[PDB]
Amino acid sequence: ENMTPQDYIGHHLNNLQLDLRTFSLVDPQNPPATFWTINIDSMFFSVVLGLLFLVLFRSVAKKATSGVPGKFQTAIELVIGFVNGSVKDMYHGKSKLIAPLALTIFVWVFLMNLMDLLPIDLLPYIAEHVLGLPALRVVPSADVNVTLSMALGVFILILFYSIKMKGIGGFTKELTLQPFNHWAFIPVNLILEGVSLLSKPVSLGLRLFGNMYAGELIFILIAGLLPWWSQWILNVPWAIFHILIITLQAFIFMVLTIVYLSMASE
Amino acid sequence: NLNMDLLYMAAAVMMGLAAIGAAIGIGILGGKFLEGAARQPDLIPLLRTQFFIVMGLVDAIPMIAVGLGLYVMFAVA
Amino acid sequence: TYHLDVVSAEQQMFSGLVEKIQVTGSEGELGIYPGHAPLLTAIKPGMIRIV
Amino acid sequence: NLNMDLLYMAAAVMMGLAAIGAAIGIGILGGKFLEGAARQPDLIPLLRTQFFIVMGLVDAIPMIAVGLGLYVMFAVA
Amino acid sequence: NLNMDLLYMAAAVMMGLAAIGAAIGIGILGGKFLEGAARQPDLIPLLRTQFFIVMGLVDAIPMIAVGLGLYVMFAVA
Amino acid sequence: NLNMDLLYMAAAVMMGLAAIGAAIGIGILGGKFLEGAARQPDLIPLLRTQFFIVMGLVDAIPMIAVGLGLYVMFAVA
Amino acid sequence: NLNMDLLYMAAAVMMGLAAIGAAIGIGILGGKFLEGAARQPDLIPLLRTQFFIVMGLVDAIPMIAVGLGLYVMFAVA
Amino acid sequence: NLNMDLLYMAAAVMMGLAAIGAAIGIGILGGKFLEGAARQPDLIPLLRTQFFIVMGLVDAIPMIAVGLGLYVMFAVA
Amino acid sequence: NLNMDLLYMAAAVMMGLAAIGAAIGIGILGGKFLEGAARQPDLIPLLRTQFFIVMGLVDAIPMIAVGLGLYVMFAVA
Amino acid sequence: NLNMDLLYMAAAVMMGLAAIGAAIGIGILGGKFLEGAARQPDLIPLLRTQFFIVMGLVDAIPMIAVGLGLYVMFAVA
Amino acid sequence: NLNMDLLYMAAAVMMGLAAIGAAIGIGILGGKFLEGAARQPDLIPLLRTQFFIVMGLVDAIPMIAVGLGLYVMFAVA
Amino acid sequence: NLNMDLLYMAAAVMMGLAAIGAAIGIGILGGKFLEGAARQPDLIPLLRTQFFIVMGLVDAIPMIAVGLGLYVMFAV
């Protein structure tokens, strides 16, 4: 085969975008400049992972008994206990929303990141040849949108909690007075509070996207540049690292969401 | 053309400086927080609150600097 | 030189002027010389040796 | 071509230096405040109030630097 | 010529400064974490969780520069 | 007339270096001030006077630099 | 054309900064590890595991920078 | 003409380096002075005398640089 | 002609930064090792083993930098 | 012509670096003396004389740099 | 003439960076050695031997940089 | 003539970096020397010897840098 590694890298960094208006498959060679072209590859893998999570959790919840626990049920009981313990550590309120939200965030983000461990070309080669799709990339987390949509939803939840539990009066009071509490600093206080408030979810989403993106691109470079006989000696030491990376990043997303919600509410 | 091309370098300089300053300051702050939580383990949720309070102060200037660099590299460029 | 006292709740073990000593401090072996700055430390079991 | 571009370059270097200085100074001040909080947790309401006053002096100069950088970027263009 | 290489140099500046800041800040944090773990070898999970909080806070902002540099390199240049 | 553009950069570098120096110096001074207030909380009004006396010296050169850069930026340019 | 020379310089800067950070942060971390291992010589296998745990976090961004510098040097230039 | 553009930049660099070094040195010295004053009140005048003695030595080369940058700016350019 | 000349500066910056990073990291690690050996002279063979274990991680990136600097200086020239 | 324009810049950068180094080194030397005098005043004159001894060596190279900058600025022009 | 005027700067960068790195690393190592010899005066010959052992490791690369800079300056001209 | 100002600039860079290193490393060393003298006031003549021994190593490269800066400045 004849290919320039630059273009091999180019294809992998492209997405099966499809026009919402005309229902037309975009191609990687020429990107149009229209806003409403959903990037299908990340979203298609992303909801599939959520479906798998929901299916497994229901398939265990539908039978679990307080008797002798099975080997399969034990992993789900352990993850439920871990999430519940983290929530009880960093949340004391009565809101039933917090714990399932954190559980969903943790499991879904872990599932999305796990896709990166797979061989980079397997699913894209399958989609191109067997199906015929112009482009494909299978790690959902590497999408900025998936990260930013989740972060903005968490920010919306933070605003709701500040308005409701913390109070709109208790929100204007904090924004105006704190941290300097004097009217001379109140204009400065508003700017500082707004900047930090918007910094938090942007930090969450862009941290997750940076981790996943900079692992996927490393895998793509390793695949594209090195000869086959030498790839393993640098690919294997990286996947072992990225397992810890994805675990840590899902844990960080869950715990930081918990922290932000608890600080907004209480 | 060179006029817009150099703007990318200007934004690069600005946001790199912002990132180094923020990373080092937050690292020092977190190191002090970890040592404090290691001296008094029962006190961790208070120190963590204080750490968030001061971290909201630290990042504001690096955050706005990075935001303005993003502005210069996207809206301007 | 300095005046070294070695004492216990039951008895005085030694008293006399001493030029230097070797003593095992809490975190490591320590040597004391005349005019040494004020210092406080526990000592682990072992030999203390004196001139 | 290169007049506005260099204006942006000057604003970039100015704001980067300001962000570096603010981040480092507030990091040091907050680390020492955290240590003082750790030593005597019940005194935190007073030490935090003094830290806020000192941090205002810390913030005083990077804010005029950032304001002049924003002026250069937006107004002078 | 002036188009591509200046973009490459800008990306290099971004992802050298981000590496400097993130590495130094994470080393600073990990030093205090490892010092705490030697004092209280039992409390290690709690201290490492707090370390994870601070590590995420530190790592958040350099990754902005890292991702934007990758963008500048490949999408732009 | 290219003369104008270089003067803005000359003001920007001066003011950025002044901001870095003054913010780091004031943070270092205030950190020891806060630790001393943590140790002896009754002495705080005396340590505040001493801190102000010392701070009046730290900002000697930085305020001259900031004034001269502001002069260059407006009166000369 | 002359454009090829600047790519080497940009890769040089990026990799040099990446090596500066990867060396200094790892040095600080290892110094703390050794200091903690001197105290409790029986805890070396645990401290050594945690040291690896944090050290993986340290060098990641330097590894990204080094890989991008290798790419720029060989594949692009 | 060409003279003033480079002369203002040279004076700016000189005064900025002076403001960096003087501020950092005075910050460190004042931090140690404040820590000693917190350690042993009622010796504040003696420690202040010694601190002034040292400070007179510290600012010397920074003051020479400040004076020569003023000379360049307001005599040469 | 610049294709030959500029490559020596691109290697000079790499072999300066790699040397600064390796020297600072090895100095800090060796200082901690020396202090630990001074406190606990019995453990010197163990602390030396752990020091040599850790030091091979510090040199990992600076040695890539120095080898690539030699390559850039000699092979491509 | 360009000659004086570049020579003033060379003198400025050299003297600025010399001032930074001398000021920071003298500040550290003075801070250690301040802590040693805070610990026990009965040794103040002895430490103060050794401080003069060491400070004599401190200014060795900075004053060579200052003299050669003065020469460049005033005799080479 | 045109060719030779730039090799002296290639020597200058390598030798300045090598001098800074070697001097600072040797200063750190000597400071720790002096600390250890101040704690336990009797171990001074053993500590001196260990310091001389480590110092050769410290200044290996800086000596390569100084050697190649002298080679450039006095054989490449 | 045209490259002379550049010769002076390179000499100034060398002599600035050399002064930076020779100041900071000797300051770091002298801080520990002062603290060790403040602990062991009798051993001061003993410690000064070791201080001079290591100071001989510290200045080694800054003096090469200063001599080469002087050569570039005045001897070419």
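We call the chains A, B, C, D, E, F, G, H, I, J, K and L, going by the order they appear; numbering starts again at 1 in every chain.
Please note the rule applied: a residue touches a chain if its C-beta (ideal position, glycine included) is under 8 Å from a C-beta of that chain, and two chains touch if they have at least 3 such contacts.
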| item | value |
| --- | --- |
| Third chains touching both chain K and chain C | I, L |
| Relative orientation of copies chain F and chain K, as a Cα rotation angle in degrees, nearest 5 | 140 |
| Result of counting contacting C-beta pairs for G-I and A-E, higher pair | G-I |
| Between chain I and chain H, distance of the C-alpha-averaged centres to the nearest whole Å | 35 |
| Centroid distance [mean C-alpha coordinates] between chain B and chain A, Å | 22 |
| Rounded Å distance, chain H centre to chain K centre (Cα mean) | 30 |
| Residues of chain B engaged with two or more neighbouring chains | 2, 6, 9, 11, 13, 15-18, 20-22, 24, 26-29, 31-33, 35, 39, 51, 53, 55, 57, 59, 62-64 |
| Per-residue overlap in chain A, given as positions that touch at least 2 other chains | 179, 214, 248, 259 |
| Shared-contact residues (touching 2 or more other chains) in chain C | 28-29, 33, 37 |
| Of chain B, residues touching chain D in the complex | 1-4, 6-7, 9-11, 13-18, 20-22, 24-29, 31-33, 35-36, 39-40, 43, 46-47, 50-51, 53-55, 57-59, 61-62, 64-65, 68-69, 72, 76 |
| Chain J-touching residues of chain L, taken from the complex the two chains share | 1, 4-6, 8-9, 11-13, 15-24, 26-28, 30-35, 37-38, 41, 44, 55, 62, 66, 69, 73 |
| Chain G contact footprint on chain A (complex, rising order) | 5-6, 214, 218, 221, 225, 241, 244-245, 248 |
| Residue ranges of chain C touching chain L (in the complex, touch as defined) | 33-37 |
| Residue ranges of chain L touching chain C (in the complex, touch as defined) | 38-43 |
